[PDB]
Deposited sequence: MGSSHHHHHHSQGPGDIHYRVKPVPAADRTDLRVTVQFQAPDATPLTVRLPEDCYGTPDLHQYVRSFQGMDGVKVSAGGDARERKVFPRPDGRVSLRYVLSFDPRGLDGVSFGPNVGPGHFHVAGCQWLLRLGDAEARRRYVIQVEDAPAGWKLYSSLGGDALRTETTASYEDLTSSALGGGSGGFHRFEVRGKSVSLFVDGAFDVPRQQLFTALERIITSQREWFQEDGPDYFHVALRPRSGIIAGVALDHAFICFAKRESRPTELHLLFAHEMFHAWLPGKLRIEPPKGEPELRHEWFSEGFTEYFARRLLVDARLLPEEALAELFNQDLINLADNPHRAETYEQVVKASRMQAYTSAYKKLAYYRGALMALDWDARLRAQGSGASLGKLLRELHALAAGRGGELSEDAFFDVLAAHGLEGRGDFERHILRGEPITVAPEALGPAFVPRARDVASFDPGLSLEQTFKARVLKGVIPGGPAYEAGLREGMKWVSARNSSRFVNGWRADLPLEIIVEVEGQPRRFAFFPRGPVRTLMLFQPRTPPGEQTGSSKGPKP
């Protein structure tokens, strides 16, 4: 059967409502049940935002089981025709990182956020989705087709939960890269001016499509506002970004350059782990290299100065040195995943490892003077993987590196399998930077952060350690803590660790100084 969808954006005082009308053929006139959209992206109770839900041209609608269900009575011939208005709260949805994002001059909804749940979700149907009566001056962008006025998709409901439909009037830019269309949309309040976001996004995409040398016929980049986060979801033909108003240019550039890079690496260049081995085996490559490339992309596009590039790798060396699993072998990392004690530190371990390995490999390849580079080698690796569905066996991947005079297999077995420390060549950041010894204080809170949190009572306070030195003593009524998680994205080294007891205590996590070769300028 065919499902016809018509969506109208109706701008309001504080939001943009979506008037949705849908028509399809049922088998006969037996009253069937339909369900209101449930958010796969985390909003609790998405049905509360359905303002009205009535039938059209004779189709009757009554109450169903709960408030997420409706009983509709099809026509004798089987036609079903319904109309419902989605009025999403902009205030409530500011806390749902990937929920619906609406505003007085824009709207964005993922497939699950506006589509109706009818029947089997695995069943395939022909979806015709149109945007009608769009306001004057607005630009639209759908993930199912290059012309959001009408898309034609044959897929299942499940497939369509990740799709996107949106529009706005706050910033639009269009350009062509290799004859293919790319559309940029920016709505919401943002410190970075619209022109700087369009230029930066234009450069990042143009660089990405140059690397791998013709792609998608249509692609959209939608920037939408949400406080307290800088996140993005990637899709086929679209990249959606929910970011806070106070986002710095580099913060958005690093995210744009990293999440869009995931469409190639590991999207079209995946290293197949051996039989039975987990997907995390090659996280150093599928995540650490992507970040390295993302950094190399910004510096090439003249968006990130080389001095900041040095501090990004310096942070990788400092963060990996403070990682408690920095020396853990494959057998230990894989055992923690089967044992589910896999904290933020474990999540970040392969990012720090893989980024520095790529920096070393590039330096080692470019020192050859034969015009080689980690990038030239990744283009060969990706072109070869095209004849195998974008995947490469472990032997085929390391065979290529060995052909370019690079000991790829030895590095992986050393640093990833055996957990041996990673050495970065000194010429990696150009001749203007040189690694010089520096002492960085290790992260020692002076108390067991987890045993305390578990028992809600200060436990294991090491006498003479930082926590002891602040006055804290073991067995104390732990109330709360702030800036104590070392490997979550917002940890700051210049800010003290706060801990509240029954009284607020603050101290820096001072510990045995270690020496690291950080990159300095000349």
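- Comparing the deposited sequence with the modelled residues shows gaps at 1-14, 228, 518-522, 543-557, with numbering starting at 1.
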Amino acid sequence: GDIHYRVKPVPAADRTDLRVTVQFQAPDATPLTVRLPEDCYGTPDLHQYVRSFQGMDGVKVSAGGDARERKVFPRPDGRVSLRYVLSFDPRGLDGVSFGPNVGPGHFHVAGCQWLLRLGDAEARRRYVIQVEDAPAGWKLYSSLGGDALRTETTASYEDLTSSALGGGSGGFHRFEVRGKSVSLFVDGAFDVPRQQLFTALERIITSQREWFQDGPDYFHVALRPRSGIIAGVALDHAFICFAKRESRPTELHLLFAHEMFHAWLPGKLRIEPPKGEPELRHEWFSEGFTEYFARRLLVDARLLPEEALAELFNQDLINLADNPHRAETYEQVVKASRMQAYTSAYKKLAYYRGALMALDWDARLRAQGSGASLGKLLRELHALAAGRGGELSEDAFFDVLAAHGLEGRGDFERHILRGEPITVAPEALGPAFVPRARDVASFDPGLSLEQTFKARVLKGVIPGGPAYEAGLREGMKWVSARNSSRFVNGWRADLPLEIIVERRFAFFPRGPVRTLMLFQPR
From here on, numbers count along this sequence of modelled residues.
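- Once the C-alpha B-factors are averaged per stretch, 120-128 and 194-202 rank with 120-128 first.
- Here the stretch with the larger average CA B-factor, out of 484-492 and 47-55, is 484-492.
- For the set 389, 171, 90, 111, the maximum C-alpha B-factor listed in the entry falls on 389.
- Per the deposited record, 341 carries the highest C-alpha B-factor of all listed residues (255, 341, 221, 234).
- Among the modelled residues of its chain, residue 522 has a C-alpha B-factor that falls in the highest third, as given in the PDB entry.
- Residue 97: CA B factor lies in the lowest third for its chain, per the PDB record.
- Among all modelled residues in this chain, the alpha-carbon of residue 16 has a temperature factor (C-alpha) in the lowest third.
- Remark: residue 337 belongs to the highest third of its chain, ranked by C-alpha B-factor as recorded.
- When the modelled residues of the chain are ordered by C-alpha B-factor, residue 451 sits in the highest third.
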